[PDB]
Peer 1: 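I'd like to ask you about the structure that follows.
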Amino acid sequence: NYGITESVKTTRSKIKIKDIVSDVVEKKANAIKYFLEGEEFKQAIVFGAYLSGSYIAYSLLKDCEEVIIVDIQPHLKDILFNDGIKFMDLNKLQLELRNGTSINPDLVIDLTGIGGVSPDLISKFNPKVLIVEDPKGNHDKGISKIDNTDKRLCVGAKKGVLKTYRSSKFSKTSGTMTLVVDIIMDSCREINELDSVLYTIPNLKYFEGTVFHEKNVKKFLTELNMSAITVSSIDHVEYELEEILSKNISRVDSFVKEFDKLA
Amino acid sequence: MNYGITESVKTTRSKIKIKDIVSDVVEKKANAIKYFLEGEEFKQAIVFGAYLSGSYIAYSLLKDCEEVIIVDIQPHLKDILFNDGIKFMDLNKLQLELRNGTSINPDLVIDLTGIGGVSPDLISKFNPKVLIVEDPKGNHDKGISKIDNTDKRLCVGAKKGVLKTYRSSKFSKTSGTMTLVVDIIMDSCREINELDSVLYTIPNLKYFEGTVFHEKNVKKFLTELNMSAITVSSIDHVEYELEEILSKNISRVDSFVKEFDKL
Amino acid sequence: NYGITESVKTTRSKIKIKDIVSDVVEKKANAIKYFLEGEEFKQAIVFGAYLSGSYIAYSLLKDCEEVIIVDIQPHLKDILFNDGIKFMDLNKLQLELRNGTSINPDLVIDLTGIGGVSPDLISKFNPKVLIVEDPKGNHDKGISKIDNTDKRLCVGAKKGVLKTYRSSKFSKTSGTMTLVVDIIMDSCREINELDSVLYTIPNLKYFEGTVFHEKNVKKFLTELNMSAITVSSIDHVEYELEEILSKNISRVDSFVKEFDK
Amino acid sequence: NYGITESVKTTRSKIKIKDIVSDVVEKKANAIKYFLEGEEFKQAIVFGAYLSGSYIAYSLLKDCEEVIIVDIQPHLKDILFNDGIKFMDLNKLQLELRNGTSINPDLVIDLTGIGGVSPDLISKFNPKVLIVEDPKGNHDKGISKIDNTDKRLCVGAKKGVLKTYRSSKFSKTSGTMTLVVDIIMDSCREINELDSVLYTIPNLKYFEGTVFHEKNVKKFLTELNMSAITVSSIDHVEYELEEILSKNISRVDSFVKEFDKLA
Ligand SMILES: Nc1ncnc2c1ncn2[C@@H]1O[C@H](CSCC[C@H](N)C(=O)O)[C@@H](O)[C@H]1O
Ligand SMILES: Nc1ncnc2c1ncn2[C@@H]1O[C@H](CSCC[C@H](N)C(=O)O)[C@@H](O)[C@H]1O
Ligand SMILES: Nc1ncnc2c1ncn2[C@@H]1O[C@H](CSCC[C@H](N)C(=O)O)[C@@H](O)[C@H]1O
Ligand SMILES: Nc1ncnc2c1ncn2[C@@H]1O[C@H](CSCC[C@H](N)C(=O)O)[C@@H](O)[C@H]1O
Ligand SMILES: Cc1c(O)cc(O)nc1CC(=O)O
Ligand SMILES: Cc1c(O)cc(O)nc1CC(=O)O
Ligand SMILES: Cc1c(O)cc(O)nc1CC(=O)O
Ligand SMILES: Cc1c(O)cc(O)nc1CC(=O)O
C-alpha cells in the first residue's frame, strides 16, 4: 500500500507478533523435550500459564498421560488452546494437596519466574524430574537480587534449569514477552537503516496489561495478530523487512541445563 | 505506576504522552518560522499541508496574519484544525479560485507537504513577500534525496527560506514530525531499557498515519496520541529517569529556517 | 593466525586503513570531477593538502594546466605524491597575491573546513568555478555554530558545495578522517555480533597528531598500512569481516551541490 | 592541546587503558576474596597468569603461605610484579606432580578459560576450595560450544565459578581484555554524541599479540600507559569524557557463584 501520497509506500510485515511468540514458545518447549529424553510421565504439573506455559503444556501431552496447568490467576484458563490440558487455580491446587491424593506429579515445571511460586510449595512435591525456568537474561543487578531460581531447585531426582537468551544481543530476562519485544526493537533499528526508509514502527503495546489488568485473554490474542512492524519508505523494503525479523527470531537459543545433585 | 504480573514487578507508564512530543516538535517548527519572519505582518498567509505540524503552524500565524488559509489535497483534514480562525480550502477549490478569482494573492506562502507534495508549478503561480518551503530530508539517505525536490519549489518570494529540523547528535531519516516523534521514542527506549532493574520497555507506537490517511479519522488519531509514550516493566522505581530520558531526547530537536538568498 | 592458544583465531582484515582513506578521497575527487563536467582550466588553486586535497589535486592535473595546493603548514608539501602539483604555503600565496599577477585562478577549491580559509582571502579571487567543502556532517549545534561555509561562497560564476555523508549512519563531520574512523567503528560493532567472535579491535590512534603535532607525514602514511580491524574468534570470520567493512565503505556518498548565483 | 588549528581541541583521557585494566583485575580479585571469607591456605595454585591472574596471585599472598602461578607460556613469569609469587610452567608442574610431593594445594584457581586447563589435570588435585573462571560473557553459541567450565568443577570441598559481566551491556566473554575493549568502545559511542565532538578515537590495538606472539610483556605494559580515548572537539569535554568512561568501568560486576556438592 501507499502512505500519505503515492510517492511513499507503507509495508506491514508478514511476520506477526503471534508468529514471534510462537517461535519462542516452541524453542522453550523443544528445550524441555530434549532434556526429558523421551521419558514418559503419569502426571505433569506446569506452574504459570502465561506466556510460554500454554504451548509447553500442549507439548507434554504426547509423553504425559495427564498434564495440569496451575496459575494463581483463574481467568488464565482462557489462554489454554487444547482441552486435553487440565487447569487448576493455585487455591484449588493447594486445597487438593492437603485434602486429597490425586496430586502426586512425576514431572513438575515451574515457569512463573520473578515473584512466582515459592520454594515451599515446590518442596511439597516428589517428582522424578523438576525443571525451573530461570527468568534472568543478561546481567542486571536488580533482577539478580530478586531472583531465587536456585532456591526453587529443592525436589526431583533429576533437576534442570530452563535458560533462554539471544545470541549476540542483550536481553534483561528470558521471558517470552521480553524476548519478543527485544527482537522487534532490534529489527526496527536495523530496518530504519535500509535505504529509502522514512520511519519504522514497532507495533507494540503493554500486552501484559491486557492479560493481567484488563483480564482479557481473547483481546490479548487479537492484539498479537498485528504485523510486528510497519514501515514507511520510498522503495520496496518488504524482503529485507522479513529477513531482518527472521534473523532476530533465529538468535533465540533455549536450553535446559542439568543442575547436578548427587544426593 | 502499578504492579505487573505480581507485586514483585512494577509497570510505569510515562507521564509524557505521544501528543506532548508531537506538540513540542510542532511548536519548535512554528517558533523557527516565527523567528525567520522577524515580526513581519501579512494580509494573507497560505499554508500547504495540514498534517502534522501545519495545524499548529497555521494557528501560530494568526497573530501577525490577518487571514490564514490551510490548503490540503485531503478535504477531511479540515478536522485536524483546532482553531476556527484558520480558513480551510481543498486543493481543487484553491486551484479553481486561482483561475476564476482574485481573492487568492498571498504575501506569505508556506509549503509543509514535503515528499511527493506540492508541485513547483503551483508554487510558481504565487508572488509573495516571503516563501518558506519545509525540507523533508533529515540525515543522509540516497532514496529520500532522489525523490526530494525542495530546491525546485523555492521559485517565488522576495525572501526565501527552507525550514529544516534535525535531532542534534542522532540519526533521523526525515524532518517529519511523525518521524521525529517515533525516533525520539525509540531512542528513549534504548536508554530506558539499560536502567537497572528494567525487564523490558515498550514504545506505545502504531501506524498513526494510517488512522489519518487510510481510515480518514482525525478524531481517532488524536485519541491515539493521548497514550503514554512509553510503558516500562521493572523491579525498582524508574519513573523519574523515564521522564528525564524522554525530555532529553525531545530537547535534541532543533528546528530552523535557513535563508535561501536570491537577487 | 592463532591467539593465546590454538582454540582461538586471530584475523587481521585485508582492508587496511589506507584503503578506506583511498576510497573516501576518490569519492570526493569523483564528486568534484562530475560537477566540473569536463571543463578545462589554466590554473586551479586547492586550499587544504590534508587529507583528501592531495588526491583531489592529482585528479585535477588532467583538465588543469597548473594545479596549486595551498596550505598553512609548509611541511604538508610531503603529503603530495605527484611532482606536477605545485605547493605554496599560505604566507607565500598571500604575498604573491598582493605583489604579483601570477595568481589568477579560474578554479578555486577550499577543503580546509573548520577554522580554515577566511572568506576575505576567497574574496580576492575571480574564478569561473568555486568549490567549498562543507565540513558539517549530521546535526551538531557546536559544529554548526563554528561553521561559516556559506560566507566562503562569495566568488565564482558557478558555485558548488562539496558534501560527504554516510547513507543511514551518523557522522559529525564530512572530513575524511572522521569518515574512516566512523566506518571502522561501525564495522567493529557489527563484526562483534558475528557468531564465535570474542572481541573486535579497531586499529586506531590519533593519526592527525602524527601529521600536525609530530609533523611527520612519512610516519602517518606508514601508520595507515595497518589492517583496519583485528578480531579474536573461535571460527573463521575473514570474509564476513571484509564484507562488513566494504558495506560500510560503500555508505559514503560524496557530491557537489550547485549554489545558484 | 589543539588539533589541526586552534579552532579544534584535542583531549586525551586522564583514564589510561592500564587504569581500566586495574579496575577489572581488582574486581575479579575482590570477588575471589569475598568468596574465600578470610580462609587461610598453605598452598594456592593459580592457572593462567594473563591477564587478571598476576594481580589475583598478588591478592592471595595475604592469606596464602605459598602462591604458585602456573602457565603454559614460560615467558609469562615477566607479567608477575611481586617476587613472592612462585612461577612454574605447565611441564614443570606436571613433572613435579608425578615425581614429587611438594604440590598438594588447598586452594586451586583456574583462570585459563577457553582452550585452557584440562579437567583431567584439575582432577589430580584435592583442595579445600576450587574456583574456575567462567570465560563466557553474554550469549554466543560458538563460545558456549567450546566452553567446558562445568566439566572443570570436578574437585574441592567448596566449589565456585568466577563470573564477570557488564550490567546492561553486551560482552562476549568475561576476559579482562574483552571487557576493557568493550568499555572503551561503548564509551566512544556515547562520547561521540556529546555536543561539538568531531570524532572519537579509542586507543586500541591487538595487545594480546604483544604478549603471546611477540612474547614481550614489558612492551605490552608500556602499551597500556596510553590514554584510553582521544577526542577532537570544538568545546571542552574533559569532565564528560572521564564521567562516561568511569560509568562504563563501574558497570563491571564480578562475583563467585558457589557450586554446592553437599557431600
Ligand atoms: N505462585 C504462583 N503459582 C502459580 N502461578 C503463578 C504464581 N505466581 C505467578 N504465577 C503466574 O505465572 C506467570 C508469571 S509470568 C511467566 C512468564 C513465562 N516464564 C514466560 O517466559 O512466558 C503468570 O501467568 C502468573 O499469573
Ligand atoms: N499537492 C498537495 N497540495 C496540498 N496538500 C498536500 C499535497 N500533497 C500532500 N499534501 C498534504 O500535505 C501533508 C503531507 S505530510 C507533511 C508532513 C509535515 N512536513 C510534518 O512534518 O508534519 C498531508 O496533510 C497531505 O494530505
Ligand atoms: N587558512 C588556511 N589556509 C590554507 N590551509 C589551511 C588553512 N587553515 C587550515 N589549513 C589546512 O587545511 C587542512 C584542514 S583539514 C580539513 C579536512 C579535509 N577537508 C578532509 O576531509 O580531508 C589542514 O591540512 C590545514 O593545514
Ligand atoms: N593448559 C594450560 N595450563 C596453564 N595455563 C594455560 C593453559 N592454557 C592456557 N594457559 C594460559 O592461561 C591464560 C589464558 S587467557 C584467559 C584470560 C583470563 N581469564 C583473563 O580474563 O584475563 C594465558 O596466559 C595462557 O598462556
Ligand atoms: C520473565 C518474567 C517473569 O518471570 C515474571 C514477570 O513478572 N515478568 C517477566 C518478563 C516477561 O514476561 O518477559
Ligand atoms: C516528512 C514526510 C513527508 O514530507 C511526506 C510523507 O509522506 N511522509 C513524511 C514522513 C513523516 O511524516 O514523518
Ligand atoms: C572536518 C574537519 C575539519 O574541517 C577541520 C578539522 O580540524 N578537523 C576535521 C575532522 C577531520 O579531519 O575529519
Ligand atoms: C577470556 C579468554 C580466554 O579464556 C581465552 C582466550 O583465548 N581469549 C579470551 C579473551 C580475552 O582475553 O578477553
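Below, all heavy atoms of this structure are taken into account, side chains as well, without hydrogens, waters or symmetry copies. Sequence lines set the chain letters: A, B, ... in the order given, protein chains first and strands last, and positions in each chain run from 1.
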Peer 1: Pull out the residues in residues 212-231 of chain A that come under 4.5 Å of chain B, heavy atom to heavy atom, sorted by number.
Peer 2: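 Residues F212(A), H213(A), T230(A) are the ones that qualify, each having a heavy atom under 4.5 Å from chain B.
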
Peer 1: Would you say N2(B) has more than 12 foreign heavy atoms packed within less than 6.0 Å of its CG?
Peer 2: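 Yes.
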
Peer 1: Could you have a look at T113(B), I73(B), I147(B), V182(B) and say which one has the most heavy-atom pairs with chain A under 4.5 angstrom?
Peer 2: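 Result: the option with the highest number of such pairs is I147(B).
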
Peer 1: Determine which residues belonging to residues 161-179 of chain A lie within contact range of chain B, meaning some heavy atom pair is under 4.5 Å apart, and list them by number or answer 'none'.
Peer 2: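 Residues of residues 161-179 of chain A touching chain B at under 4.5 Å: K172(A), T173(A), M177(A), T178(A).
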
Peer 1: So, the side chain of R189(A) versus the backbone of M186(B): is there a donor-acceptor pair under 3.5 Å, distance only?
Peer 2: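 Side chain of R189(A) to backbone of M186(B), a donor-acceptor pair under 3.5 Å: yes, one is there.
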
Peer 1: Using heavy atoms and a sub-4.5 Å threshold, report which of residues 192-202 of chain A line up against chain B, by residue number.
Peer 2: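 Within residues 192-202 of chain A, the residues that come under 4.5 Å of chain B (heavy atoms only) are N192(A), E193(A), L194(A), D195(A), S196(A), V197(A), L198(A), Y199(A), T200(A), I201(A), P202(A).
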
Peer 1: Tell me the residues of residues 5-29 of chain B whose non-hydrogen atoms fall below 4.5 Å from those of chain A, in number order.
Peer 2: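 Under the 4.5 Å heavy-atom cut-off, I5(B), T6(B), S8(B), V9(B), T11(B), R13(B) qualify.
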
Peer 1: Tell me, out of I115(B), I185(B), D183(B), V212(B), who's got the most heavy-atom pairs with chain A below 4.5 Å.
Peer 2: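 Looking at each of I115(B), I185(B), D183(B), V212(B) in turn, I115(B) comes out on top.
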
Peer 1: Just wondering, are more than 12 heavy atoms of other shown residues or ligands nearer than 6.0 Å to CZ in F82(B)?
Peer 2: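 Yes - once you tally the heavy atoms of other residues, nucleotides and ligands closer than 6.0 Å, there are more than 12.
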
Peer 1: Are more than 12 heavy atoms, taken from residues, nucleotides or ligands other than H237(B), located less than 6.0 Å from that residue's NE2 atom?
Peer 2: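 Not more than 12 within 6.0 Å, no.
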
Peer 1: Does a side-chain heavy-atom distance below 4.5 Å link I234(A) with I144(B)?
Peer 2: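 Answer yes - side chains close enough.
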
Peer 1: Counting only heavy atoms from other residues, nucleotides and ligands, does the tally under 6.0 Å from NZ of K247(A) exceed 12?
Peer 2: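 Correct, the count exceeds 12.
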
Peer 1: Using a cut-off of 6.0 Å, state whether more than 12 heavy atoms not belonging to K205(A) lie near its atom NZ.
Peer 2: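 Check passes, neighbour count above 12.
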
